[PDB]
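The listed protein sequences derive, respectively, from chains A, B, C, D, E, F, G and H.
The opening residue of the first sequence carries number 828 in the entry's author numbering; numbering runs sequentially from there.
All letters in the second sequence, in the order written, are residues 6 to 40, 50 to 375 by the entry's author numbering.
All letters in the third sequence, in the order written, are residues 5 to 45, 65 to 429 by the entry's author numbering.
All letters in the fourth sequence, in the order written, are residues 419 to 484, 511 to 534 by the entry's author numbering.
All letters in the fifth sequence, in the order written, are residues 53 to 207, 213 to 265 by the entry's author numbering.
The opening residue of the sixth sequence carries number 274 in the entry's author numbering; numbering runs sequentially from there.
All letters in the seventh sequence, in the order written, are residues 132 to 146, 152 to 251, 256 to 261 by the entry's author numbering.
The opening residue of the eighth sequence carries number 1459 in the entry's author numbering; numbering runs sequentially from there.
Think of the CB as a built atom: it goes at the ideal place given N, C-alpha and C, for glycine as much as any other residue.
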Amino acid sequence: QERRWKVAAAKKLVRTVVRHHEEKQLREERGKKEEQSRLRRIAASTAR
Amino acid sequence: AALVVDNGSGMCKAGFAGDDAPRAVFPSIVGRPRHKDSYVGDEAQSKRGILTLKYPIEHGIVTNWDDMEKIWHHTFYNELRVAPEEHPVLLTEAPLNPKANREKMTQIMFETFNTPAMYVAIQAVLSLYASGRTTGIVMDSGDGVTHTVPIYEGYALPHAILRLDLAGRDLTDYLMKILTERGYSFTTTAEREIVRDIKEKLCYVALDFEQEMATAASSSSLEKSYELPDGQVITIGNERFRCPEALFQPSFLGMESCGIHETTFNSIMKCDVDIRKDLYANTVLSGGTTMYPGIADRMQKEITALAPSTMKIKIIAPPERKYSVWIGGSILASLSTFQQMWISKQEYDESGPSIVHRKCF
Amino acid sequence: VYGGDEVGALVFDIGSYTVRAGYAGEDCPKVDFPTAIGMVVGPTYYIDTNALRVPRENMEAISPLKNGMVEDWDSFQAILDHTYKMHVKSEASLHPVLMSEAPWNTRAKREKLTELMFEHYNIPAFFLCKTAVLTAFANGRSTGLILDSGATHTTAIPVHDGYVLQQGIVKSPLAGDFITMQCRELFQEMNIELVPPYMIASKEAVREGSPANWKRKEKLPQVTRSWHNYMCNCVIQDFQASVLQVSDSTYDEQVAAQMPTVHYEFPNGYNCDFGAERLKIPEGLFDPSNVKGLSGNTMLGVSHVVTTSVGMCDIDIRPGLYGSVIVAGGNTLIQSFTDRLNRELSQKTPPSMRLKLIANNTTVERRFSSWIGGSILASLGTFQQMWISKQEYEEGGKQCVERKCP
Amino acid sequence: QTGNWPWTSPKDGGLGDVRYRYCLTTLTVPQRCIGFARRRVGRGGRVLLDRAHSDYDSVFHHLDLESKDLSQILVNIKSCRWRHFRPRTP
Amino acid sequence: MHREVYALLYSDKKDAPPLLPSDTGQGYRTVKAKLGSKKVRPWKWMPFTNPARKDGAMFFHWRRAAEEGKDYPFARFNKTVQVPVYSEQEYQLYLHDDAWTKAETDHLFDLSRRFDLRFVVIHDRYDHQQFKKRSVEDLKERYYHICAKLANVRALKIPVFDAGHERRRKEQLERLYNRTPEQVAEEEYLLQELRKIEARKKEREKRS
Amino acid sequence: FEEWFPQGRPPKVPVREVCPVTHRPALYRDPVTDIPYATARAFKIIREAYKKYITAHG
Amino acid sequence: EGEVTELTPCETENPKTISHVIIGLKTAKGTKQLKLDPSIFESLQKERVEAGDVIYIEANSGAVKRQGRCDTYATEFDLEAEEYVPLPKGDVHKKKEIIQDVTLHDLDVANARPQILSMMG
Amino acid sequence: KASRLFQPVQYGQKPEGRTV
Ligand SMILES: Nc1ncnc2c1ncn2[C@@H]1O[C@H](COP(=O)(O)OP(=O)(O)OP(=O)(O)O)[C@@H](O)[C@H]1O
Ligand SMILES: Nc1ncnc2c1ncn2[C@@H]1O[C@H](COP(=O)(O)OP(=O)(O)O)[C@@H](O)[C@H]1O
Ligand SMILES: [Mg+2]
Ligand SMILES: [Mg+2]
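If you want it as structure tokens, here you go:
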């Protein structure tokens, strides 16, 4: 039982770490696109 | 916040969870006066002439527990300047560490520092955490020991772990010997620190050792100059890759062993055939002894030569790999899912130091 | 009263293929290095993988174990010293030692091993348990039929109440070494030149069946024939693990040909499809009468060895033996080996007795089962009475092992 | 019926010893039935809940406070044909 | 579907992991005060005397400081199966048998004390090379006869052994085991045919 | 947008304070020492300890 | 119904534009994410729903109603009564049947005089 | 803080209120 638990806990922690890094990277990419859209919004307001 | 303390054979990395880099890094050395009472870290190296310098961590294994306790005390009180009884402490252990050592670490943390919560993680899994990959093999090379730990789905395979005694300290001694062969003077115990610096600044890994040797023998364009602390300038050439080459050709040091690439291949072969593809596709390099330039390309070519041509080889060497173990430990300690893994004081009171085996893996 | 007490004992399982060692209480051996060691003409010994895999002039490859029993005590002492110093990193006199032994180990060899452990290593306590008992304990079974297929022998060992029924031991020479020999013969018939990986400097990708385009390493020192044979055996064992598969039923040429092939690439870059020949080799473990070696031989198949071993025991215990069949040993990891064995046994077992194969088909549970059982046994609080103390070895002498360890 | 080991169900000829039996269990945190479980004391005295896989695990997760398979499971539980433990203070 | 599940180690490879108990599961911050209010008791690596051992060797434990010097609790499990002890005189007077040598009987009793009357293990360990070959029934008969005789000589009553019944039982079991697949298939075919005959008879009786 | 959709971090679970005198679940905190307590005797003990501390410190 | 764990709007390009409002609800049984209509953002700010607030949302109207801070965030040192409520038990999504017994005279009295005119009445 | 005025109490012992 301890062996089964340790294997599963290791898998759980590693998949959580992988998702954490995936989320951080996608958040950075979304931030870059958001900044682009923000500058476009300011330009649109000035144009209006 | 949690305290992440990575005790290495040469250098200790400590800091708070979630930080990008360790808050304090200092040499792991204890100084006692020949006839405060004990100085740890750079304070000891500045007083070599009056203090007895002893390394308690040899090849990643703790030898003198009093010195290790003093190192941890110095870390908590002076480096991080935090109370151990207030913050959880996440420690790291070397692969294949004796069971009694992990038990002693647990006992020291709970009975001497009154830590509220503790955990011990294997350094290779932390390096893999920093790499962000589910399955791979970690080639961690530190100051005193080199390990090759294959990891499948986050669970280290203890049987397939291979240990190599060649590490940064032996490379420093080899560079010292080579410089003495060139005629420079560095045999003194203090000059060893200068050889370490020139190794960190000028050394690089040759992609093709024989071609680089022939080119450096024919032309001096591969030579570079380094200024000694006293103002003297020395020019070193051909040595720049002869020193790192000892990692791949340990016979240079006189040690009859396999190279780091051969050790990695052997550790991979010790694993199951199905998982070997994932191990080859994810070869993670960590530790200070892997920061030489071009080491990734040399390891890639060597593993490609050893591995089948139908297998895809991909060496992962992030630029921050010197602290990969501590970055992974900080990520783990910052995770919400890990919060259930903390060994609580009550668990130690009711079960003793063997609780570390029940919870930590 | 409470959970089992851990007294910091060591568990050693020195097999013919790999030496498994570790600390009691762990769920996996902390080290497993090849039993074959390098010897230079005491003689200089190279024991671990890091030292064995590098060429050396006039270095022979030898093994301390013979037919599952230690023959050369000097190499055994060398292996123990290496294990302690490198992997254990602890003084031998500080930790009790629990070692496994073959079911058929002789009295004199047991006495010599006890004498060595107490006089030379000055260990505080010692115990010697059978591999079958430890394998049964790792599965929580106090009784059952152990089926071990290692490198030297395939043996069925009936265990009752934690005791090996020595009268029921049936051993067969068909094991990992036989499969290695069969693969060697197959490669010879196919004119495949086995190039060990140590001789290859560089290689280029080639088409299937195309001549190998490889460069030989320069300045290679002369090597003994034993070391070259050992490296060839290593690559052959890698081929065995990666390609070979046991047929789900009695071997048929048509059915084997219909199934898809498996592609393997040799170290020298040579690659080929092994077609149906990959299935013929493991069938020899089940039907030795078809093996090219000796069709008229008297060797017994693994299922026949199983049925014979149980047939030699008291019929009152046969229900327990069939009701708990434990498969162990590295040679049993061959694909579909467990399924074929289960089918053949269900066909041959009497319907009046229940047959159940324990689901332990994993590398760790199959190869290290003896070490797992040893760690379990050494971790029991009730077992602390079984230890042989140094005082007991002093008073009762070398013969004390005969009575303390059943 | 042919005999069987004690750690096997009486429906399979075993003695059905209660220490090896896995039964549906509900926890206080989270308030959700975890499925089939058995209380086992660990090495350091830590009481562990072993869990057995079942194809109806999702239904057992949805099960609390006492469609075809769900209806049959509910009918069986309401008739108390299944032993389903719940924790209570002593 | 199954009402309950039974297994020894674990039920299936797909089994969910066991739930370990732990504090701080809901986060360290909420349990900060509880953990900080107390301090752990000291644990020691200490030697312990095991009174079950006759030599007196001292092994080491992880135990609390207050538990030092306490009697080992697992020593309470130490108890052997009661087996009588007889002198040379008592054997010559009562236990003499022309069919059994005295040294052979002493060897049998030594094996019985070593293996806690597990007569199958005694039979496996029986020295058939030195002494005469004995079946497990012969060993059981000799042991139970000697025990009954010693009890009657000294002092209650014990059930007598019936070697013949056990021999017949084993012979029948062996005969049932050695039969070919065709013979067992014929037995099951006769069982099913008899069951169908009885079923038809019962149906006719029910109709009447 | 950020006014209408603030990305609020979930509230941290509060520290379940415990009385240092009787180790009971804390119901109060003394305004002067900011130390929690659960009974009047605990309050008296805390204030006596506080005056001891403040005499020792200065 | 459940304790709110997130209120993240889902930004999108219009064919800042939001196309959904994701609300995460936690109960003792578990956690569920709901892809609610974007219009619910008005009711969320009207009800001042925040992370850690227990709410319930009716399927038909889609309007949110707030019922207090989850009791897991209540300390013994702060004084409020109505603003704290225990974490809902049961599944996040619930189907409730309410059966009420009335008489025709009860309806007569209810519709004859519904409950400043109310003050004077 | 409570730790600044009071000794923590060993597990299994009744709190009494010993100061630093
Ligand atoms: N996955 C695998 N597939 C096929 N063969 C394997 C596999 N793993 C190991 N083997 C083979 O198993 C054989 C026996 O290995 P094992 O570890 O069981 O031996 P041992 O118990 O140490 O030795 P012995 O019983 O011969 O004294 C080896 O020859 C090895 O090549
Ligand atoms: N930029 C660099 N290039 C090469 N080596 C380096 C560099 N920086 C540090 N090192 C080496 O890293 C080694 C320490 O590695 P580390 O992983 O900290 O070992 P440990 O963890 O055992 O303390 C030292 O020998 C040091 O010389
Ligand atoms: Mg290190
Ligand atoms: Mg074997």
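Determine whether the Cβ of residue i lies closer than 8 Å to any Cβ atom of chain A.
{"i": "E:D67", "result": "yes"}
{"i": "E:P70", "result": "yes"}
{"i": "E:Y62", "result": "yes"}
{"i": "B:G146", "result": "yes"}
{"i": "B:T351", "result": "yes"}
{"i": "B:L110", "result": "no"}
Can you find a C-beta in chain B that's less than 8 Å from the C-beta of residue i?
{"i": "C:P219", "result": "no"}
If you compare alpha carbons, which of the options is closest to residue i?
{"i": "C:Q100", "options": "C:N81, C:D71 and C:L139", "result": "C:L139"}
{"i": "G:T208", "options": "G:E194, G:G226, G:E218 and G:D189", "result": "G:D189"}
{"i": "C:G420", "options": "C:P429, C:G167 and C:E134", "result": "C:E134"}
{"i": "F:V286", "options": "G:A164, G:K231 and G:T211", "result": "G:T211"}
{"i": "C:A198", "options": "C:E83, C:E388 and C:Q260", "result": "C:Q260"}
{"i": "C:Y27", "options": "C:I395, C:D337 and C:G404", "result": "C:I395"}
{"i": "B:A174", "options": "C:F289, C:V35 and C:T177", "result": "C:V35"}
{"i": "C:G353", "options": "C:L368, C:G319 and C:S392", "result": "C:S392"}
{"i": "B:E316", "options": "B:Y294, B:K336, B:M305 and B:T303", "result": "B:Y294"}
{"i": "B:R39", "options": "B:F31, B:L67 and B:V30", "result": "B:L67"}
{"i": "B:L320", "options": "B:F279, B:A347, B:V96 and B:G308", "result": "B:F279"}
{"i": "C:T386", "options": "B:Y337, B:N12, B:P172 and B:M325", "result": "B:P172"}
{"i": "B:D184", "options": "B:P70, B:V209, B:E364 and B:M355", "result": "B:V209"}
{"i": "E:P99", "options": "E:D176, E:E260, E:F171 and E:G108", "result": "E:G108"}
{"i": "C:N320", "options": "C:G307, C:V329, C:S326 and C:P429", "result": "C:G307"}
{"i": "B:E205", "options": "B:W86, B:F90, B:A230 and B:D244", "result": "B:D244"}
Taking only beta-carbon positions, decide if residue i is within less than 8 Å of chain C.
{"i": "B:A114", "result": "yes"}
{"i": "B:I75", "result": "yes"}
Would you say residue i reaches chain D, if we count a Cβ-Cβ gap shorter than 8 Å as a contact?
{"i": "E:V188", "result": "no"}
Under 8 Å between C-beta atoms, does residue i make it to chain F?
{"i": "residue 1525 of chain H", "result": "For residue 1525 of chain H there is no data in the structure shown, the boundaries of chain H being 1459 and 1478."}
{"i": "G:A187", "result": "yes"}
Output yes if chain H places a C-beta closer than 8 Å to the C-beta of residue i; else output no.
{"i": "F:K325", "result": "yes"}
>> To be precise: take each residue of the stretch 170 to 195 of chain C, compare its Cβ to all Cβ atoms of chain E, and keep it if any distance is under 7 Å. Which residues remain?
In response: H183, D184, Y186, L188, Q189 and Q190
>> Ignoring anything shorter than 4 residues, give me the alpha helix (DSSP H) runs that lie fully in the stretch 266 to 330 of chain C, in order along the chain.
In response: 276 to 281 and 300 to 306
> Can you pull every residue whose C-beta falls closer than 6 Å to some heavy atom of ligand 4, listed in chain order?
Replying inline: C:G19, C:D171, C:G173 and C:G352
>> Report the start-end ranges of each beta strand (DSSP E) in the stretch 161 to 193 of chain B that is 3 residues or longer and not cut off at the edges.
In response: 176 to 178
> Going along the chain, which residues of the stretch 275 to 301 of chain F sit with their C-beta nearer than 8 Å to a C-beta in chain H?
Replying inline: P293, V294, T295 and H296
> Which residue spans inside the stretch 157 to 224 of chain C form an unbroken alpha helix (DSSP H) run of at least 4?
Replying inline: 199 to 212
> Where are the alpha helix (DSSP H) runs, 4 residues long or more, that stay fully inside the stretch 111 to 145 of chain B, in chain order?
Replying inline: 113 to 125 and 137 to 145
> Name the residues in the stretch 124 to 142 of chain B whose C-beta lies less than 7 Å from a C-beta of chain C; which are they?
Replying inline: none
>> At a CB distance below 8 Å, what residues from the stretch 455 to 471 of chain D approach chain C? Give them in sequence order.
In response: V459, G460, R461, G462 and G463
>> As an exercise, report each continuous beta strand (DSSP E) stretch of at least 3 residues that is fully enclosed by the stretch 259 to 318 of chain B, in chain order.
In response: 297 to 300
> Name the residues in the stretch 165 to 195 of chain B whose C-beta lies less than 7 Å from a C-beta of chain A; which are they?
Replying inline: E167, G168 and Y169
> Which residues, in order along the stretch 82 to 108 of chain E, keep a beta-carbon less than 7 Å from a beta-carbon of chain H?
Replying inline: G88, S89, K90, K91, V92 and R93
> Residue ranges of each beta strand (DSSP E) run of no fewer than 3 residues wholly in the stretch 317 to 341 of chain B, ordered along the chain?
Replying inline: none
> Where in the stretch 97 to 149 of chain C do unbroken runs of the beta strand (DSSP E), each at least 3 residues long, occur, reported from the N-terminal end onward?
Replying inline: 120 to 124
> the stretch 422 to 438 of chain D: which residues have C-beta closer than 7 Å to a C-beta of chain E, in chain order?
Replying inline: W425, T426, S427, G432, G434 and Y438
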